[PDB]
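There are 4 protein chains.
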Amino acid sequence: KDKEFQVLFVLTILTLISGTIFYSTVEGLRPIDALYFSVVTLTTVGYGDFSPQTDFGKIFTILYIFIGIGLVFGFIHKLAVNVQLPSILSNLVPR
Amino acid sequence: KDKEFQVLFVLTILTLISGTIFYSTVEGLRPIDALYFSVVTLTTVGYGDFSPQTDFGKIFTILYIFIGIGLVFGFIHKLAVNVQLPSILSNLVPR
Amino acid sequence: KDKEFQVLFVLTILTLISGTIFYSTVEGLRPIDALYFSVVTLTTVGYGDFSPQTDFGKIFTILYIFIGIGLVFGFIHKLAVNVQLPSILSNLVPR
Amino acid sequence: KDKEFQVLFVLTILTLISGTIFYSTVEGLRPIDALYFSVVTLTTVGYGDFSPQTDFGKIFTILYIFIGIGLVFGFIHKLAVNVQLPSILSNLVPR
Ligand SMILES: [K+]
Ligand SMILES: [K+]
Ligand SMILES: [K+]
Ligand SMILES: [K+]
Ligand SMILES: [K+]
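Protein chains in written order, with PDB author numbering: chain E, 20 to 114; chain A, 20 to 114; chain U, 20 to 114; chain B, 20 to 114.
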């Protein structure tokens, strides 16, 4: 399960890296703004302070959402079930 | 399962086509902006750079969300489980 | 199952009615804008063209989201599984 | 189950408290605006009336979303299944 977590951890990192590079280059965002935008899109929060302005950006964002949501929320679920939950359970007991 | 994927693939395309046509016509968006808006609504990202301005648009959007979310996220789940996952698993092995 | 659908249908209507009344009165929106805002909040699309400006509105919105999301998305799931799916299946066969 | 609900209730409160403090201090929001922003981020509504302006805020928000979504939506699910549902069922019967 640490190796199920590890795979989706890595995939998530690669996915956010892809969006950092694309949105920094094509749409002109700072590396940090691209990452932050990528995270806020794939988690569907979607604040809208940085939306894409070019048609290639609009198109890319359509695909990135469809390819990216399933992966991101799979990581979030494994994180919550396999990491967050046990550590909570462990706090409820003194060793 | 390729035929389960195919059905929801097609339905999704038809759903986004319906929103492209409606938002291009009634709300006056470019074909590409309508599609992009339709995708960002049904995935619930909801950036808010293009929201509907007319009452018919507001009303249509209420129904489109309720009818459209269940379908879109069904496609996303089948895509992630039946397409993305196996291809990941296959990369972990050299043929 | 028509009676499982009916219950969550009604509850959803009452939930959106509650937000229509509150956001029309306290925040000053048109009936139609309040409803549209209520739908876009509880489905988490959250465009942000109409956000609440008063502290009572901010507070109310915190509770409305927590009480309202679980219900809305339960309706959406039952709608997609018990209504949308069978009607799709039925189209694939000529009577 | 009241004690499953209680744990996730408390955790949720602590999670929103953490975001209230951070966004009030670092980003300069009013206590009430920080809380409201924290709720609208972790439920992914993401209106975007208050987004973070500093790089430390941007970074913090990336982690807060990943750590916070799994917990918030776990509370929402338990609330809807273990509290909201039974009380609805009970209304359908006169004692
Ligand atoms: K969302
Ligand atoms: K959203
Ligand atoms: K927004
Ligand atoms: K906005
Ligand atoms: K949003």
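C-beta: ideal position from N, C-alpha, C; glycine also.
Closer than 8 Å to the CB of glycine 67/B there is at least one CB belonging to chain E. Note that the region 60-73 of chain B does not touch the region 28-44 of chain E; fewer than 3 beta-carbon pairs, one per stretch, sit closer than 8 Å. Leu98/A is the residue among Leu48/A, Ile84/A, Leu98/A whose C-alpha sits nearest the C-alpha of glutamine 25/A.
Between the alpha carbons of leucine 48/A and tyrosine 42/A lies a distance of about 6 Å.
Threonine 62/B reaches chain U at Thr63, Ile84, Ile88, counting residues in chain order whose Cβ is nearer than 7 Å.
For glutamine 103/B, the chain U residues whose Cβ falls inside 8 Å of its Cβ are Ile86, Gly89, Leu90, in order along the chain.
The three-state reading of DSSP puts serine 70/B in coil, since its state is none of H, G, I, E or B.
Counting every other CB atom within 10 Å of its CB across the protein chains shown gives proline 105/E a total below 16, marking it as exposed. DSSP places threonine 63/A outside both helix and strand once states are collapsed to three, so it counts as coil. Not a single C-beta of chain E is nearer than 8 Å to the C-beta of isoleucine 95/B. In the structure shown, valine 112/A falls within a coil segment according to DSSP collapsed to helix, strand and coil. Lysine 77/U is classed as buried because its beta carbon has at least 16 other beta carbons within 10 Å across all chains shown. Shown here for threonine 73/U: same chain residues with a beta carbon closer than 7 Å to its own, the five before and five after excluded, namely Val45, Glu46 in chain order. Between the alpha carbons of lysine 20/A and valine 91/B lies a distance of about 33 Å.
Residues of the region 35-61 of chain B whose Cβ lies closer than 8 Å to any Cβ of chain U, in chain order: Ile51, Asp52, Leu54, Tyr55, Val58, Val59. Look at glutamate 46/B here: in three-state DSSP terms it is coil, with no helix or strand label.
When only Cα atoms are considered, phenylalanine 94/E and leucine 27/E end up about 5 Å apart. An exposed status is given to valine 29/E, since fewer than 16 other beta-carbon atoms sit within 10 Å of its beta-carbon. Comparing alpha-carbon positions, the option among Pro50/A, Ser57/A, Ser70/A lying closest to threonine 31/A turns out to be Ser57/A.
Straight through space, the alpha carbons of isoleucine 81/B and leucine 54/B are spaced by roughly 17 Å. Non-local beta-carbon contacts of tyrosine 66/E in its own chain, meaning distances under 8 Å to residues more than five positions away in sequence, involve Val59 in chain order.
With its beta carbon at least 8 Å from every one in chain A, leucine 30/U lies outside the interface.
In this model, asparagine 101/U and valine 100/A are separated by some 22 Å (Cα to Cα). Look at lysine 20/U here: in three-state DSSP terms it is coil, with no helix or strand label.
In the assembly as shown, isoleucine 107/B is an exposed residue. Its beta-carbon has fewer than 16 other beta-carbons within 10 Å. If you draw a straight line from the Cα of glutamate 23/A to the Cα of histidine 96/A, it is about 12 Å long.
Interface criterion not met: the Cβ of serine 109/B is under 8 Å from no Cβ in chain E.
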